[PDB]
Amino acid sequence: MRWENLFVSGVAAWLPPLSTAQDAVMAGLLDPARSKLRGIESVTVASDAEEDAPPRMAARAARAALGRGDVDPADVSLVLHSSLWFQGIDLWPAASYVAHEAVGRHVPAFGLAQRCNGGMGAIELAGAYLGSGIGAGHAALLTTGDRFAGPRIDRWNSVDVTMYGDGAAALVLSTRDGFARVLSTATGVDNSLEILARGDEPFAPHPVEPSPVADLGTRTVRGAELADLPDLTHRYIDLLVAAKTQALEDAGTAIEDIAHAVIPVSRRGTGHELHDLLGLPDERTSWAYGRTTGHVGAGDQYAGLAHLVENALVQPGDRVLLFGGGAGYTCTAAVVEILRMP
């Protein structure tokens, strides 16, 4: 999709303090070979206190993003809140809490689930909603938020390719103006890969209690066995290349013209990494930042953009690729252009 009138007006992250891989190694929680392989140096870790519940971190992130962009909360016509895991109270609309705390009473709020791609997928849904004339205002607030906890989640081991960080992020879209123009978005998808995110886990009538420790790497092995696909790996590559290709083409841009790619925090640690498939070096991606936070649920792309902007690592005229990816498997990519620094 080529966007004629879509802008990023604000972006921010609210992240708890860093907790080092070295401390996790010394405490016996993380094997040192895995620490070195995955290359994650630290992750963000929240306290157990109610004030660091995911909707609260999200509300804080949202207030900062709105504040950085001079978007009046009364101009927000939609709130989308993406997440991976428990929001702290069940049978309850988290997104309305985020919306109420950061925007107000009279804005429709949805919770969104597209695993790690949530943040990126929400751009397309919200952008479309803003262009439709359904809502009053010119802006949408997009949030992410998670806080991982035992026993179900072991942040250092429960997923093979990454390590989870706690926290929240926010991005404000506008059809009027902002510091960056959204030139394009594109989504690559291959829903056959969903089996890799459930492996042979049975469909249970109720959450299994007490929760065993999640091991998403292991689901992957039994998923691959069950799916029995000749081209399993190619299916991933093809959808990622589709997203990249269409987003760059719809932006009239080439990967050589991309100052920086903000990508999900994940690392194979040998062979080809995502930057190789994207066609740019490590140094032109957000890895140097993301390896200090870990995988902050659905928020890596928002957080990494905030990072670029806060540390004046881009200037007007630069183009940035925002690059998604989540179990499903779905990947939404966007090309933005820096118009001014906030």
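The first residue of the shown sequence is 1; numbering continues from there.
Taking only CA atoms, the mean B-factor in the PDB entry is higher for 20-28 than for the other of 327-335 and 20-28. Comparing 226-234 with 202-210, the higher mean C-alpha B-factor in the PDB entry belongs to 226-234. Looking at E124, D190, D166, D177, the one whose CA carries the top B-factor in the deposited record is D177. Within the selection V79, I89, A74, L173, the deposited Cα B-factor values reach their highest point at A74. Ranked by Cα temperature factor within the chain, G294 sits in the lowest third according to the deposited record. When the CA B factors of the chain's modelled residues are split into thirds, the value for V103 lands in the highest one. Among all modelled residues in this chain, the alpha-carbon of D146 has a temperature factor (C-alpha) in the lowest third. When the modelled residues of the chain are ordered by C-alpha B-factor, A59 sits in the middle third. Remark: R152 belongs to the lowest third of its chain, ranked by C-alpha B-factor as recorded.
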